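Have a look at the structure below, then the notes.
Heavy atoms only: backbone and side chains are in, while hydrogens, waters and symmetry mates are out. Sequence lines set the chain letters: A, B, ... in the order given, protein chains first and strands last, and positions in each chain run from 1.
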Number of protein chains: 4
Amino acid sequence: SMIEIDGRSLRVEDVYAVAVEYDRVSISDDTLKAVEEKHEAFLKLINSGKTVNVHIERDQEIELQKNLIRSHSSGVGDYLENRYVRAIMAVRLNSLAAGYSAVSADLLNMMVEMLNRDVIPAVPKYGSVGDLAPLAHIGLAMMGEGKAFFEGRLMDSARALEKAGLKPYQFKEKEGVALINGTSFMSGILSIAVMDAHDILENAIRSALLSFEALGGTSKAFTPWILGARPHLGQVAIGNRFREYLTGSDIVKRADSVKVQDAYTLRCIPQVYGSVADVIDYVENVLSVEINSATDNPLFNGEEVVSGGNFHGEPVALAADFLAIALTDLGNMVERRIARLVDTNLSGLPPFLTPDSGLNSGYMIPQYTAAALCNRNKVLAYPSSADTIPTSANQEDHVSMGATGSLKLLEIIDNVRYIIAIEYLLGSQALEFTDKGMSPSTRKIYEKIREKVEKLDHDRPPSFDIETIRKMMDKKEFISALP
Amino acid sequence: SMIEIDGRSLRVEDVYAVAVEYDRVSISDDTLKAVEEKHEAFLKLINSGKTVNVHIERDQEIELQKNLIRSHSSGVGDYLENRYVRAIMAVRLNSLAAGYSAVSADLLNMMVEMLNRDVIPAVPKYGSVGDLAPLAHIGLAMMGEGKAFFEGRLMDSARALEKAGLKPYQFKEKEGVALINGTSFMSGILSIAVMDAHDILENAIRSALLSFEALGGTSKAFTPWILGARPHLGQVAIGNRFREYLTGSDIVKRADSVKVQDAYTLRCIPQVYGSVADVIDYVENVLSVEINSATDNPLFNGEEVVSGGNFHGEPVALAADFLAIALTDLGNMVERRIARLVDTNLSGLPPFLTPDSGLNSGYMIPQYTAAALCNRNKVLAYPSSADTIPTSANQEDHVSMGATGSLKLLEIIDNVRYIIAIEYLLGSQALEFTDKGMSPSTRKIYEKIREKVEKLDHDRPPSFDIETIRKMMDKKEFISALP
Amino acid sequence: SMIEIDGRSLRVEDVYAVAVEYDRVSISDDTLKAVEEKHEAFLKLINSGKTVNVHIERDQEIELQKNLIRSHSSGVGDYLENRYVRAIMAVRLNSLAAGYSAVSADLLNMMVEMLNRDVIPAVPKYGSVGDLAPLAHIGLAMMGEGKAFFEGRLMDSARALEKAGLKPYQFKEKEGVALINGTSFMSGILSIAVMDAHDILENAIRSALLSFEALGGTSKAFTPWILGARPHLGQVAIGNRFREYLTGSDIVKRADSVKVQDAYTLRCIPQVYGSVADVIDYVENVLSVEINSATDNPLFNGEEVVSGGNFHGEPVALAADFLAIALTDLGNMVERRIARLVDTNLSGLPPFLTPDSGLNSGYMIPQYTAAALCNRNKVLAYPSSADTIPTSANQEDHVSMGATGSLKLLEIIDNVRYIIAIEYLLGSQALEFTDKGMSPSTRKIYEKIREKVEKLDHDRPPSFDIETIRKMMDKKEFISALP
Amino acid sequence: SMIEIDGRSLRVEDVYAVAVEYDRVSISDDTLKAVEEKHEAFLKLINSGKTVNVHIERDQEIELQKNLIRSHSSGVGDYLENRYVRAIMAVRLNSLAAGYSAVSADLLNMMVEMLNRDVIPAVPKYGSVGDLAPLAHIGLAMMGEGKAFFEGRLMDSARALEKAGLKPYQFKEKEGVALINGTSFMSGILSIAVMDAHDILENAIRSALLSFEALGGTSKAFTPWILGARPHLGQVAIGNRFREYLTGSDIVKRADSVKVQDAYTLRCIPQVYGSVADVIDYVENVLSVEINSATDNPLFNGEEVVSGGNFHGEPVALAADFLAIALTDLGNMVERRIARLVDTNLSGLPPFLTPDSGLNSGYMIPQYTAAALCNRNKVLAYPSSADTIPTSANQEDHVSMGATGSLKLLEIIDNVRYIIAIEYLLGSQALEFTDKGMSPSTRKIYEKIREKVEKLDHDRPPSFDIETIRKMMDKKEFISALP
């Protein structure tokens, strides 16, 4: 489909649509004409200010934009994946169209065409203290220097632009400044991350259904009036989701007739998962403002140019560290439920979910892998925004460090996705030891798993099944299986 | 004054009023009669359930409540300060009155009288994994065992109750369970913490006025349309506060005539401080639900008793870790502004703010102290809720660890308060090297400082002046000086 | 007894003897005469340098030392406990006597008399970035200003000195510089900490004996040739200690006849505890150099005065963070063994170690307390020395942050001591459910516990028994019971 | 060249030689015959034990080894780089030859041929809690299942073995157990890491020479008697290295005539860098024992098979976290020196090292990149070994988490290498603003830089020059330039 950019209407899910699903972007002629008219008012104002040799003056200003793009292109490390650079470019484009950046219509159209033709700059992941260097690398590619991916093939930027039918872009007065000042690296990455955090929670709900039924949990933990006696919006909503999906379970109807309560990895699912949902909503609210905001500097309002601090990443740096914590602890709870599934003394199922403990270990070791992933996430959950280091000869003497936070959030998301893939695998196997009177919803998840991953009889490498299920998650196959 | 408790109307500032300002609490006869009627419905229901020897049965149930209070009284370490135990008791009382805990009117009245007569249990700080043990210690004192403070003097609980004219309380059916299950230790401490976080931000605004004027900052960073181009509510509100307080400054009017922009510790005050305000608001919203919620277990709705997981601390454990991060980074920005004040090459003022660098160090070393405090806060900002350790033979196999988070937030608050006291001290001294054309608002802060702390001429121990200013902050003298 | 100081022979256990056991210090007349002769050579050299008005010159130099002591007295927060300030003073005194500090004999004798008469400066804990401010507070008291404890009573320093029969000390040329530059705050605190870490390991060995016998462990895990197949010195030594102490156990002889192996909290005791012993030895080696080193600045060698960087805390800042980690993980292993003791499915003993699970919880909750303490230690194990913040207008632009690390190590030590007290309590109770055929060594620990703490029948507050056992540990009663 | 393996002589630098420089490994016929004779004694012992149907018994034992390899092959995530898998394989091979693992000569020869023919298993990085899963993946490839790299091309393991002229290996009695139990993943990776940490320190010495001369430092900070007044071995050795390399500097001879002391990033180089050297030596000592130790389980001594805990990673898990901290703080000091170089008020050189601050930013932004890298390292320096999560239904209830620590140490090393590359770049540029009277040693570093990276006149992307210098470091070109 088509995402129209007007500088004020971008949603986080539209950033995803462009970056991950490759929807086209466009900008109306009306928007572009108003952008251009503001760009011209800005030129008139600076041309009057300087005269209170015109040719040497303009050529100097153009050289400045180039020197800035080049000197600031100082990232190191592996290139950021293309889905993230596309997200950053969509957010950057939208925020330059918000009306305060005084850039020209041509700069916006340049970014539109790079996105629609998939000329994606090569952006080293590291260098922003929260985003001059990564955005400079984007501009460097826009100028036809450095490297870029053309339809996923790395090459010199000038060759990628040429294969796409584009000309290198020449930055005008203050357009390099505009492009590289702001929070679009952090906010673009975090837009994708918050969408992937939502997808994590959705998958954790579905994978918990399998474990919850295999362990014969009671629905009493999701009683509406209990959940409403402590009405955080997340836990009320999560309780509703679980009640709906457990409807029709014979296993759970039996449990309700003979069980009072379960261990916390079942009974506390609404409190914990609903906290995670609340944090996701918090971050999405921050981003919803941020990706429609002017975060470059200085800014132009049509009659004056004023320097402020809107490039400072603090609100999104804090949000990235917060969501990292919440997701790490979601992963801890899923790992603990996996640890209960394979422990015959807690589950009431055969040890380690194998039919012959004699010469098989079953799924003993994926639980270690899940614990390993939690331990890695506990390192990564240290808040990068609790630190700051002065830059620019102490003139930029407090910084958010939110780029660190955005990048490590991406790894936590990757790791928690593997933990949940492990719960899909082991919860499906655990149900093989039940009478399978699971709800229709649980059975949709179970059947989708079994389309690609067989039940476990003799030992075989769990790694391959985990990777298959992780690929299914990344293709949204369980959300499709059970809306 | 008087705070009336009805189980549904408690605000965080009312918890503060009771705990810190010693306002009386009361519960209307109407509330108490409805609590008692629900308690009696619960007894009828459990008495009918058991009969589908009455005397031995009831005596057994009473012994159970006692065994629970005693066995769970397993905290270690120093006693929590009385203002916090009072906050916890007010939140506990309100949440047992929310209508689902089936306790008797007498238990609530017991807690009312302990608060109004200042019989405050001795509560070891450590033991909750997020709050059985600390709340058990409260109940232990309520039973007249263990220790308590009577009007601030430590003694055996039975002696404290007797000096207050109270009888030890005997817990009825499920009343010990009700008292010790829930989140009131975390939520009571965090209610006081979020009030103190607000007071921190208020003091940081006032102490920044001194530095901002001494460094001759330009008001251009607070231009309304710039701040509104990125309209996070915090930074818009903070900008308004600073514009109002800088009104009437000759220093700033001059700066605006000759300066374009300042370093980030001045120019980025709205982005960073407004992020902190937003986080404070987030936490207050969580607590506003939590302290009016039923977090004990099982719960009673008038016709059935159901076990759920509302005691699980996750939403407030996450909130405590989040606020710890935001406050640590506020402290980093204040420390960096202090570092600019004493550096003659950044400030344009005499080195280290002494009139004779020859044989004096001036205020060189308080900046080290501020850095030391930041480094301590960077340790404490590690999120305790990213971890979990299984308890109760793996039946309580995921826990929030939010008690850790509440307690370390209190230390961060203490440390940031000292950083701000240091900025009050050094910003006031720095203004001695200006023409003092500061705004009327800044001058109110400056004059309040000078009522108790003299300007620096010859070197003298900064420790004593820092402590004086910290005491003034704790008595709210700068908020009084400048509303 | 008597510790003689000569600037080159101090051991960490001598620092403990002075600071904690109140042994007297002395300095021979020979040492003092050589110190004085070097002080006089230094004066001659600086008096010749300045002359390539003598009265105004010397008076200026004296005023400088005073200004330095006062201006640098900039700590905040609670006063450090007297045992630590005594340790710091003993290390400071020894390191000024090492021969490079050019101080006078009178300064050393001043410190000797403060220690022997117990006039201990009041030292705010916070302010060093790794130790100007805390050592300045010591000097401030030495000058008779600020506050001090006289035989444990806080008062004005001049009054404490007067009650002790001492005169205030007047610092001579470069003597204030000498006193306040160096690492003695970090190294004094860490000398006590490493002694207390050793005492922790010794107590953990003894408390593990109780659990190991109650769980019927097999001695096969301590087989000498197994431990020697991986000959880290710690695990070989720990294995020898456990073999010796388990000699004579009927329980273990039975286990060896029917068991192949135990869970890791028993079988891996040598690997983990021996790693801890190795780290303790590492730190002691660092301190053994450091407390006999010249860490002030500039230094004097008898013919020239040269400025170097020996005050930089890096080797002891790293050591403090390392030992914090090792002790935190020792506490994790003890907590996991406690978690096994109270879980009937792992221990083979009654659930939660109570004789009547019907209406008692036994020792269910001390395991939560141990988990809580581990979670707190996981926050505190963040390495403060991984951070640095520039001080002194960027002239002191990398600092160790080792004071933070020393102080948080003290809390970890306190917390792990409580975890071990909990294992003493619960391992002794667990043996009540065995036939008591424990070794003579284990029985010495068991009997010492039972001298003050009764076995558990009906529920009672574990807090009080934990505190009693912690007090016994602090009085070294189990090391006395079993050498 | 040729590394001969005998189970007891392996050095960390030999692991590097095999893994990184592709030296061949061999095992003498004598070693192999004694390994085989012990394997046969083990078979005799277990065959006698079982008989106190032989065919079904042996076939069962073989199936067990296969089930174990497969079930434990449960890693997730990207494949570990081949240099690390080669290191792990060399350490595993040596430790199985140490004499206690009872494996056959054929298993050792299999590993020898995989290394010498470069058939390197594909090993997912994540899964060990400290190394069943990664070592299982190695064995899986050895069995001809899963994936492997043949001369760097990924393919099915059976195809890689076939292209190399090898047959799949069939694991004999207890040989799969032997292969997958132990610490070789952690210890192999850490052997390469400690070699790369040494190479980091060596490069940091050389890059500091450039900055030290450009800033005109005084050699007084390296005076031998000062450094020996605090004789930690590292700082004495580092001081000697710097004195030797600064010999012949006209710049430094001038500085010594007019300067007393420098800022800490120059004056404290011996204290900090020597601490790092000491930590490196500590880790190398641990590894020197560990890679020659029997860490599998159970172990065989020729007459009995006994289960112990030598697989527990604690000593190397702690060492990996320790070295991570020390290297992070080395990176902080290098970043602070970079921050001094580009600040004209600290350096005395043109702002940001550009000849025309008018329209150029010079090397302003690489300092941000260095700060960004430090902030990332501060996250990664959180100690993974402070945490533990129970595995295997609580039977493996304390684990080292040292695999996490080894992997994140590799990233810290990568990041610090970039920081040092930045100092090479900017220190060389800074010398362009001096009279170049640098020492012959410094000039060797400067000239080697200038062979590939030109001085900066007009702004250009620093990223490319940083990457070039990082590649030069990885090819050891500065150690070659200046031994």
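Ranked by heavy-atom pairs under 4.5 Å with chain B, the list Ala370(C), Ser74(C), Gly127(C) is led by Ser74(C). Ranked by non-hydrogen atom pairs under 4.5 Å with chain C, the options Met364(B), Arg460(B), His72(B) are led by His72(B). Per-residue heavy-atom pair counts under 4.5 Å with chain B were compared for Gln367(C), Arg470(C), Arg340(C), and the maximum is reached by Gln367(C). Per-residue heavy-atom pair counts under 4.5 Å with chain C were compared for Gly77(B), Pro462(B), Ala393(B), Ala372(B), and the maximum is reached by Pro462(B). Contacts with chain C were tallied for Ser392(B), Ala421(B), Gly75(B), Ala136(B); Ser392(B) has the most, counting heavy-atom pairs under 4.5 Å. Between chain C and the residues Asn415(B), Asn375(B), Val342(B), the most heavy-atom pairs under 4.5 angstrom are made by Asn375(B). When each of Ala339(C), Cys374(C), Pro390(C) is checked for heavy-atom pairs under 4.5 Å with chain B, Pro390(C) comes out on top.
Nearest heavy atom pair, residue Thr391(C) against residue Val399(C), reads OG1-CG1, 4.1 Å. Annotation for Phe185(C) and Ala403(C): closest pair CE2-CB, 3.8 Å, computed over non-hydrogen atoms. Heavy atoms only, all atoms of each residue included: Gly130(B) and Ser400(B) are closest at O-OG, 2.5 Å. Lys378(C) and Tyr382(B) make their closest contact through O-CD2, 4.3 Å (heavy atoms, listed as atom of the first residue, atom of the second, distance). Taking both residues in full, the closest heavy atoms of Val379(C) and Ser384(B) are given as CG2-CB, 4.1 Å, listed atom of the first, atom of the second, then distance. Summarising the geometry of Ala430(C) relative to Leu341(C), their closest heavy-atom pair is CB-CD2, 3.9 Å, with the distance given to 0.1 Å.
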Audit row: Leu154(C), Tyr79(C), side chain to side chain contact (heavy atoms under 4.5 Å, CB included) steps and yes/no: CA-CA 10 Å; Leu154(C) 183 73; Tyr79(C) 296 129; 4.1 Å; yes
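When the shell of 6.0 Å around CG of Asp474(C) is examined, it contains more than 12 heavy atoms from other residues, nucleotides or ligands.
Of the two parts of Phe464(C), only the side chain, counted from C-beta on, holds a non-hydrogen atom closer than 4.5 Å to a non-hydrogen atom of chain B. With a threshold of 4.5 angstrom between heavy atoms, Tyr368(B) approaches chain C through its backbone and through its side chain. Proximity to chain B involves both the backbone and the side chain of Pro366(C), based on heavy atoms less than 4.5 angstrom apart. Heavy atoms closer than 4.5 Å to chain B are found in both the backbone and the side chain of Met401(C). With a 4.5 angstrom heavy-atom cutoff, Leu380(C) touches chain B via backbone and side-chain atoms both. Within the 4.5 angstrom heavy-atom criterion, only backbone atoms of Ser128(C) (N, CA, C, O) approach chain B. In this structure, the portion of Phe352(B) lying under 4.5 Å from any heavy atom of chain C is its side chain and not its backbone. Heavy-atom distances place both the backbone and the side chain of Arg376(B) under 4.5 Å from chain C. Within the 4.5 angstrom heavy-atom criterion, no atom of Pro351(C) approaches chain B. Heavy atoms of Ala371(B) lying under 4.5 Å from chain C belong to its backbone as well as its side chain. Residue contact with chain B, scored on non-hydrogen atoms closer than 4.5 Å, is absent for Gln395(C). The contact between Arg336(B) and chain C is made entirely by side chain atoms (from C-beta outward), counting heavy-atom distances below 4.5 Å. Residue contact with chain B, scored on non-hydrogen atoms closer than 4.5 Å, is absent for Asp465(C).
A donor-acceptor pair under 3.5 Å links the side-chain atoms of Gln429(B) to the main chain of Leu353(B), judged by distance alone. Here the side chain of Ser157(C) pairs a donor or acceptor atom with the backbone of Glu145(C) at under 3.5 angstrom.
Near-neighbour residues of residues 404-414 of chain B relative to chain C, defined by a heavy atom under 4.5 Å from a heavy atom of that chain, comprise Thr404(B), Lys408(B), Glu411(B).
Contact check for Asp457(B) versus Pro355(B): side-chain heavy atoms found under the 4.5 Å cut-off. Residues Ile469(B) and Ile466(B) have side chains not in contact (no heavy-atom distance under 4.5 Å, counting atoms from C-beta outward). Between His458(C) and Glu63(B), every side-chain heavy-atom pair lies at or beyond the 4.5 Å cut-off. A heavy-atom distance below 4.5 Å is not found between the side chains of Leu349(B) and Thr344(B). Between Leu373(B) and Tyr126(C), the closest side-chain pair of non-hydrogen atoms falls below 4.5 Å. Taking the side chain as every heavy atom from C-beta outward, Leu80(C) and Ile189(C) approach each other to under 4.5 Å.
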